[PDB]
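Encoded as structure tokens, the structure appears first; notes follow it.
Below, chains carry the letters A, B, ... as their sequence lines are ordered, and counting in each starts from 1.
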Amino acid sequence: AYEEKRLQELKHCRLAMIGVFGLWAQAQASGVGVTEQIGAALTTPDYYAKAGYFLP
Amino acid sequence: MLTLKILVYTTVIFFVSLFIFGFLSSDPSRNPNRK
Amino acid sequence: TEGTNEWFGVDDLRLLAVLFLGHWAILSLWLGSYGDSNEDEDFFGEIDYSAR
Amino acid sequence: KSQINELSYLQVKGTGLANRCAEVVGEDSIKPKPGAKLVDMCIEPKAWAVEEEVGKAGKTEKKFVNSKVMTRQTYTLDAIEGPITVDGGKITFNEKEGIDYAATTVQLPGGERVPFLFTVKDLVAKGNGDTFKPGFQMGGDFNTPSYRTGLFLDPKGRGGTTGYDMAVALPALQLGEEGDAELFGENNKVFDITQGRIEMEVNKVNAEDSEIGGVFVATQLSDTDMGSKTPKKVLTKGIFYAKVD
Amino acid sequence: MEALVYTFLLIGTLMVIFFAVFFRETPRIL
Amino acid sequence: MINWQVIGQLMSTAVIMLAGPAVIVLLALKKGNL
Amino acid sequence: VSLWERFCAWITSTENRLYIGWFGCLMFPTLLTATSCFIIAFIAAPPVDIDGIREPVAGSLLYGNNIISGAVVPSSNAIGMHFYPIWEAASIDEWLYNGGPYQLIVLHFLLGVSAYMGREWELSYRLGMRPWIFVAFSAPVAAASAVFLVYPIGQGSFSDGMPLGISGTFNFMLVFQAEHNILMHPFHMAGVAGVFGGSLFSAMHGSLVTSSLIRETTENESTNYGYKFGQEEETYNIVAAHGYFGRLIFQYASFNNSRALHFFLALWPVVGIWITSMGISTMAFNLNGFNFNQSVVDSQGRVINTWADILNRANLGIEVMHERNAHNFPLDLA
Amino acid sequence: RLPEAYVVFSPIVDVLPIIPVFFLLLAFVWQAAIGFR
Amino acid sequence: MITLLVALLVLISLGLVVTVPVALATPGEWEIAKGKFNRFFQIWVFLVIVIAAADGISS
Amino acid sequence: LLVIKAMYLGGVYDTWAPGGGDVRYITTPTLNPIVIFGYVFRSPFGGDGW
Amino acid sequence: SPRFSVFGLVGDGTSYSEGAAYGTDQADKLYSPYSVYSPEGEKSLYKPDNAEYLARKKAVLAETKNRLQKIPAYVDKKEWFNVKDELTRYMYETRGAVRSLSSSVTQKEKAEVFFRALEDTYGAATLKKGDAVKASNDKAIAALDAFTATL
Ligand code: CLA
Ligand code: CLA
Ligand code: CLA
Ligand code: CLA
Ligand SMILES: CC(C)=CCC/C(C)=C/CC/C(C)=C/CC/C(C)=C/CC/C(C)=C/CC/C(C)=C/CC/C(C)=C/CC/C(C)=C/CC/C(C)=C/CC1=CC(=O)C(C)=C(C)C1=O
Ligand SMILES: CCCCCCCCCCCCCCCC(=O)OC[C@H](CO[C@@H]1O[C@H](CS(=O)(=O)O)[C@@H](O)[C@H](O)[C@H]1O)OC(=O)CCCCCCCCCCCCCCC
Ligand SMILES: CCCCCCCCCCCCCCCC(=O)OC[C@H](COP(=O)(O)OC[C@@H](O)CO)OC(=O)CCCCCCCCCCCCCCC
Ligand SMILES: CC(=O)O[C@H]1CC(C)(C)C(=C=C/C(C)=C/C=C/C(C)=C/C=C/C=C(C)/C=C/C=C(\C)C(=O)C[C@@]23O[C@]2(C)C[C@@H](O)CC3(C)C)[C@](C)(O)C1
Ligand SMILES: CC1=C(/C=C/C(C)=C/C=C/C(C)=C/C=C/C=C(C)/C=C/C=C(C)/C=C/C2=C(C)CCCC2(C)C)C(C)(C)CCC1
Ligand code: OEX
């Protein structure tokens, strides 16, 4: 189980190297942080937001 | 109204997930030839 | 409001909670039979008769 | 309201906002000009009560019983316009155009459904004073047209200006000298126009938008079904909004 | 009052269908 | 004014829906892999 | 040995009295929901404003109907194709006024009868049968989905769905003829050939088997006691039935193959009902039946009427009288 | 209308969409010519 | 000139519609006659390009 | 290819275009996944229309 | 003995119910065999050179600037629906009238500049960008007068 932890470390090493490259490249390309780019894309736009729930 | 909607949504997702994971439960093998 | 464009009719987060909790409950039972199942065990038929 | 005009049609539709009146912000005063005219008067009922004899604890007084609307969100009048006439002392309003009627059906306890044309048609409404104030009171009579027009056919094909004038499924009732005189009230479809009374009361005035808004209370009679049933008195309350120019 | 007869005939028909399914004569070989 | 549209349509119909059976008739005469 | 596997073994068990299966996990809750709501709405439901014009139509037995006239009335025309569950209705009385029970019953019935079809596949798989009994049941399922779902979708309102009643069904048929001329549609003609032929072939095949039964009984007992359940031998002389029907018409027009004959018994009504289900589904989008009105014209130019024109005069009588207060404009485009 | 260099072939173009129906019929001729075997 | 070339392309295509499947479905003729059939394929493909040239030049 | 046709190679016919319906380069396509998958996960019924 | 017409070849042909007489019934040449109309040559009553057709297009171009100039009065308010409706209610006839008046090659490229600014006004109105509507509305006006100042 120690060599599985070594393989879990190495596969996370190779994955997060690709991941931190994308974080560094998106922070340049957007100008903001990643919660601030994902959170703006995982939200509905302000012109698209339904007024909503005016039924008594 | 919206208490009934919770109850129906709970009921529908219960029976639909029984349908989904039941047909994922190695269902081709449940035939009288083998297994 | 019924003509508004909500994902799966979810207008309150109560309904999102019971959708997750309902689907994860049968998933957890189903993982009692098909969790701890080996990923590298293949077969060359049209149908597999692996285990229970 | 300025808020409602910020939205798209696609943001409002389905939500129920389109059946609501605008709320007015502020206590100000507007003095109407000689050419003044209310333009987009919204009148939204928020309570419905039908008069019926009830058996409370030991007696049988007449009570306005609260009833539930079954015609869903189609009840609010809107785009009501008409000139504001300044008399010697008082200020009056004569409505002319707009969606000044809404067919509403309420249900009484017991299952009794009471359809009525909620209307302000031909309203001449007298006020107290000369300016619109947060204590201003406008009120007057209006004409309630019949809920069904003379073109309406009943289940047997009888109406006022069209249709059969006999119970055509019972042809042997047209026999003898008396004929179908026992069925006269159902065969004679009568267009009836009754009177209603609304009492508006301004409590919020926005002078920069030239908008007034307050509450009302109105009473009228319900559908007679072309003179076949006795109508019931329907009391309604709610909110109004208008712009003064 | 005839809706009492209409209800009794329909509910009585469904009770026959219940007994025809769950109290059926089981088909048996030999 | 000899109406060459119906002449053109019915001849081109006849050439086309004979070209298909001509393939199978020729393959039956050639004794091919039908 | 796990809890889910023991539940899976019970669900797919062929030793239950009724097979449940995984389609029964959708079939049994939806159809018992629709059955419970249908019985309550048929017996006791207040009148429904079907045409959206605040003219409520009584459909239940407690509001003065009988078995023939009673119906679960379709939804309001003001609703249209909008989804109207109970929780979108602000009170149950508003839901009952606007024809809410129709949408609940129809959507649970159509889900439940599609799951009834998949249940018919599923038991055949657990029994080792050939699969396609549920393909034959797809023909009445397509017909039920055409008149309850597809024709509302094309016309844009559940108010144009077929009412759940006997007299509402005849109202659905007559208005459909006036607006779409279904009798002159060849897909209804193939459907009539499907049910006339299918009941012909049922009476034909049922005659020739009963005609050629082998002596196994006496004059006192019933003839059906000559068959034992589970016997291996044939119970009727199929050579004698083929020799009869081969002399009734002529020899080359009769099935000697019983497997080809029973396949023809399955195919003729099912394909006929499939085609007429795709007549209703295509008249949903107003691709109507044949219009031969004023097509026969004499030398001066005057119209000579045909039987299609007399059929047209009956279509005109239904359409000027149907939904008599609902129309404000000279064309029924809905 | 077709472009002016090609309006001579306008009757040929009138039969061209029908040719897929002739391909389904061709499979039945070929099966009959082989004798359905 | 375009009308002459398309009329030639129609005639070559009609000859190839009734001779290519005969050459492919008799079990020896394609390998003994495909230089002749590739020659007709190239005259067919070259006719399309010459028509496409003459159509685009005239436009 | 449809995206390339609409954004770069001529555009597509937009019946909603200002000035009248016409061919228009689609310059700002909606990339918000709540809008885009809001069509996939909405109701199929009236008003929604999946 | 009845009137016969095999399609047009044998018999009358010029009879009131013959359907496959493609052009053989009438004297004047048709646009195509599959048409009931004669071509767009002369003898046609529609003259595209005519003064009442040109004046109708110029009246669309003049009133377009009047509708295009009441855009910022909706943008000091926030009636974004009024901006999108103004660009489509009267102005629906603008693209039909501008492309009809754009004959030369510089007219067409000066017309699309007006069209691009018109779509920038619309797209900023859906997005409710207040400064971007007005910055596109003046570009739509300034490209409109540049088109009309040609001819
Ligand atoms: C077999 C079980 C079953 C099913 C399928 C239904 C179905 C329905 N019921 Mg019924 N109901 C049932 C049993 C069932 N019922 C029972 C037992 C009762 C008594 C408690 C009821 C009581 C009841 C009432 C009172 C009402 C309904 C109503 C409804 C309708 C809408 C309900 C809804 O919005 O749920 C919510 C549904 C979901 C959230 C959908 C879940 C489906 C999942 C998300 C699958 C999607 C997969 C996805 C696309 C994959 C993409 C993956 C990819 C992105 C990677 C629907 C037809 C309503 C109705 O009839 O309206 C007219 C209504 O008013 N039901
Ligand atoms: C008087 C007798 C009679 C006859 C001969 C017909 C015949 C027909 N009816 Mg009609 N019909 C009738 C009375 C009749 N009907 C009555 C009393 C009613 C109720 C009022 C109807 C109501 C009705 C409706 C609503 C429709 C028809 C239709 C039809 C057609 C197809 C039905 C079908 O296939 O059935 C099943 C029959 C078979 C499967 C057997 C085939 C019968 C054919 C005709 C025999 C062919 C023999 C052949 C030429 C011989 C070749 C072999 C030879 C060498 C020996 C068919 C032409 C349909 C239609 O209009 O189609 C265009 C249709 O929609 N019928
Ligand atoms: C003699 C003349 C004649 C004949 C033979 C027919 C025959 C037919 N008509 Mg036509 N029609 C006619 C005259 C005729 N018509 C006339 C004169 C008119 C104008 C008024 C019409 C107008 C008309 C319309 C509008 C329609 C028809 C349809 C049909 C078809 C109905 C059968 C069907 O599809 O059921 C199929 C089976 C079902 C629909 C039932 C499905 C069963 C479900 C799946 C399960 C039900 C279970 C149940 C709830 C519980 C069971 C009990 C339980 C205890 C187990 C059939 C081909 C219908 C059609 O073609 O639909 C496709 C149709 O919509 N006709
Ligand atoms: C042999 C190659 C070839 C091809 C494919 C074409 C094709 C074309 N040329 Mg021509 N051209 C050619 C040779 C060719 N030409 C030669 C040798 C000359 C002399 C130098 C010219 C000179 C010429 C001029 C002066 C003009 C053309 C024009 C055209 C276009 C005519 C329609 C049009 O207005 O464009 C509009 C665009 C289209 C109609 C798009 C057509 C393509 C669509 C997407 C269909 C393709 C679908 C797909 C590939 C089919 C499925 C295939 C299969 C895999 C299933 C057309 C795309 C005109 C042009 O280019 O206009 C811009 C034009 O003005 N050509
Ligand atoms: C000398 C002078 C003066 C000269 C005058 C000249 C002159 C005399 C002329 C007269 C000629 C004249 C008209 C005579 C011809 C006679 C004639 C045919 C007249 C009748 C007219 C007429 C047009 C008749 C046509 C009607 C007809 C025959 C229709 C039948 C069509 C037909 C093929 C039906 C088959 C349908 C079918 C496939 C059903 C089978 C399906 C089914 C369920 C079968 C059941 C079944 C079948 C089995 O098989 C077996 C085994 C079993 C188990 C079984 O279940
Ligand atoms: C001029 C126009 C040209 C048109 C060209 C064709 C257009 C498309 C037509 C499609 C024909 C497809 C042929 C399919 C054959 C097939 O079914 O075999 C299946 C079996 C095999 O036959 C059995 O076959 C067995 C031998 S074997 O299986 O074939 O090897 C044999 O043992 C047995 O006796 C025999 O009965 O056939 C039979 O059982 C008899 C039924 C035949 C019915 C098909 C006729 C068409 C459908 C009927 C009408 C539809 C119902 C709707 C009415 C409302
Ligand atoms: C929740 C969001 C997380 C998602 C992150 C998105 C990043 C995606 C991963 C990128 C790098 C992965 C390496 C991590 C390292 C890691 O641990 O990964 C592990 C993963 C699978 O390896 P495992 O050992 O986990 O198991 C793989 C199997 O053998 C099953 O056991 O490898 C990949 O998926 C790498 C694929 C590279 C693909 C890149 C090539 C793409 C180029 C286009 C190809 C052209 C095709 C045309 C044919 C010529
Ligand atoms: C004895 C002692 O003293 O110590 C011991 C015990 C102790 C403490 C337990 C230790 C340990 C174990 C440790 C420290 C384990 C790991 C810790 C860590 C921190 C592991 C991160 C992995 C991140 C990954 C794979 C990111 C992928 C990200 C990818 C692929 C992206 O796309 C990036 C992303 O931004 C974008 C581009 C797009 C978005 O759509 C998605 C997101 C937002 C994700 C020690 C030190 O080892 C030893
Ligand atoms: C594009 C083009 C082209 C091409 C085309 C082609 C040519 C195609 C082909 C075609 C084809 C592809 C054809 C086919 C045909 C077929 C047919 C015509 C068939 C039919 C038949 C019948 C129908 C009969 C049948 C039968 C038999 C045989 C026996 C049994 C019975 C029955 C009856 C079934 C060309 C060159 C012109 C040139 C121009 C352009
Ligand atoms: O809903 Mn049942 O019927 Ca179809 O058309 Mn329009 O809408 Mn109403 O009228 Mn006619």
Side-chain angles (χ1 to χ4, degrees), chain A residues 44 46-56, chain B residues 1, chain C residues 1-6 11, chain D residues 1-25 38-48 69-81 97-106 117-120 209 211 213 215-216 236-243, chain G residues 49 52-54 76-84 87-91 94 97-98 156-157, chain J residues 42-43 45-49, chain K residues 74 77-85 89 125-126 128:
Chain A
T44 178
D46 59 299
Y47 56 91
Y48 186 65
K50 225 80 170 172
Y53 321 123
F54 287 106
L55 289 178
Chain B
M1 273 53 88
Chain C
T1 68
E2 46 91 21
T4 71
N5 312 320
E6 279 136 1
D11 53 355
Chain D
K1 213 197 295 174
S2 306
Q3 238 179 279
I4 306 177
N5 288 345
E6 292 161 22
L7 301 169
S8 292
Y9 173 66
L10 284 154
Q11 289 173 88
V12 181
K13 65 156 302 160
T15 67
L17 184 51
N19 207 46
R20 304 277 75 79
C21 283
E23 289 92 51
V24 178
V25 175
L38 295 176
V39 281
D40 43 354
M41 173 164 252
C42 172
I43 294 174
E44 170 189 355
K46 303 207 310 196
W48 295 262
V69 178
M70 291 171 311
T71 61
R72 311 158 47 173
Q73 284 286 301
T74 73
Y75 48 76
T76 294
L77 325 171
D78 194 72
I80 290 155
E81 78 267 44
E97 321 179 272
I99 311 193
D100 46 358
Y101 69 103
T104 318
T105 308
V106 288
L117 214 65
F118 173 58
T119 185
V120 285
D209 284 343
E211 287 170 349
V215 302
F216 74 96
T236 185
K237 294 161 147 69
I239 309 300
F240 78 99
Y241 154 87
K243 188 191 181 172
Chain G
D49 173 39
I53 50 165
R54 284 85 190 274
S76 178
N77 184 60
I79 293 173
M81 271 311 293
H82 282 240
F83 191 46
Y84 201 47
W87 57 80
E88 291 301 324
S91 62
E94 180 193 289
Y97 183 83
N98 291 270
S157 186
Chain J
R42 66 172 64 176
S43 177
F45 290 102
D48 281 288
Chain K
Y74 304 136
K77 295 188 288 289
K78 288 174 197 301
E79 303 183 338
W80 309 114
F81 70 99
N82 272 331
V83 175
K84 280 174 294 175
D85 286 4
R89 198 159 60 246
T126 77
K128 310 181 167 205

- Item | From CA spacing to verdict: side chain to side chain contact (heavy atoms under 4.5 Å, CB included), D/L7, D/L17 | CA-CA 11 Å; D/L7 301 169; D/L17 184 51; 3.7 Å; yes
- Note on the structure: With sequence neighbours left out, the residues meeting side chain to side chain donor-acceptor pair (under 3.5 Å) with C/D11 are B/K5
- Task: Taking all heavy atoms of K/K84 and all of K/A125, pick out the closest pair and write down the distance.
- Result: CG-CB, 3.7 Å
- Pick from D/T74, D/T104, D/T105: which one makes a side-chain hydrogen bond (donor to acceptor under 3.5 Å, both in side chains) with G/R54? D/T74
- Using side chain to side chain donor-acceptor pair (under 3.5 Å) as the criterion, list what pairs up with A/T44, not counting sequence neighbours. none
- Query: Is there a donor-acceptor contact under 3.5 Å linking the side chains of D/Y241 and D/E23?
  - Reply: no
- Item | Shortest non-hydrogen contact from D/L38 toward D/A242 | CD2-CB, 3.8 Å
- Item | Close side-chain approach of D/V106 to D/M70, heavy-atom, < 4.5 Å | no
- Output for pair (K/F81 CZ, D/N5 CG), nearest 0.5 Å, gives 4.5 Å
- C/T1 side chain vs D/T15 backbone, donor-acceptor pair below 3.5 Å: no
- Kindly write out the residues that satisfy salt bridge (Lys or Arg N to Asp or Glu O under 4.0 Å) with C/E2, not counting sequence neighbours, or none if the list is empty. D/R72
- Going from CG on D/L77 to CG on D/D100, what distance comes out if it is rounded to the nearest 0.5 angstrom? 7.5 Å
- Query: G/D49 side chain to G/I53 main-chain N or O, any donor-acceptor pair under 3.5 Å?
  - Reply: yes
- Mind jotting down which residue pairs meet the salt bridge (charged side-chain N to carboxylate O under 4.0 Å, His left out) criterion with at least one end in residues 3-20 of chain D? Sequence neighbours excluded, please. D/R20-D/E44
- Item | Those residues that, when tested against D/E81, pass side chain to side chain donor-acceptor pair (under 3.5 Å) (two or more places apart) | none
- All heavy atoms of G/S91 vs all of D/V69, minimum pair found to be OG-O, 4.4 Å
- Task: Could you tell me which residues satisfy side-chain contact (heavy atoms from CB on, under 4.5 Å) with D/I239, sequence neighbours excluded, listed by chain and number?
- Result: D/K46, D/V215
- Chi angles and distances behind the side chain to side chain contact (heavy atoms under 4.5 Å, CB included) call for G/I79, G/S157: CA-CA 7 Å; G/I79 293 173; G/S157 186; over 6 Å; no
- Item | Between CZ on residue D/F216 and SG on residue D/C21, distance to nearest 0.5 Å | 8.0 Å
- What distance separates C/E6 CD from J/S43 OG, expressed to the nearest 0.5 Å? 10.0 Å
- Item | OG on G/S76 to CG on G/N98, rounded to 0.5 Å | 5.0 Å
- Query: D/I99: what forms a side-chain contact (heavy atoms from CB on, under 4.5 Å) with it, not counting sequence neighbours?
  - Reply: none
- Message: Please check if the number of heavy atoms outside D/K1 that lie under 6.0 Å from its NZ is greater than 12.
- Response: yes
- Could you grab the distance from atom OH of D/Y101 to atom CD1 of D/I80, nearest 0.5 Å is fine? 12.0 Å
- Task: With sequence neighbours excluded, tell me which residues meet ring pair (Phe, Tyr, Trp, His ring centres under 6.0 Å) with D/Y75.
- Result: D/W48
- Query: Considering residues at least two apart in sequence or located in another chain, which fulfil the salt bridge (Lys or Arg N to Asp or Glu O under 4.0 Å) criterion with D/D78?
  - Reply: none
- Query: Residues two or more places apart in sequence or in another chain: which of them pass ring pair (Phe, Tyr, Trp, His ring centres under 6.0 Å) with J/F45?
  - Reply: G/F83
- Looking at residues at least two apart in the chain, or sitting in another chain, which of them share a salt bridge (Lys or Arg N to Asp or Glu O under 4.0 Å) with D/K243? none
- Query: Donor-acceptor pair, D/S8 side chain versus D/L10 backbone, under 3.5 Å?
  - Reply: no
- Listed partners of D/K237 passing side-chain contact (heavy atoms from CB on, under 4.5 Å), at least two apart: D/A47, D/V217, D/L235
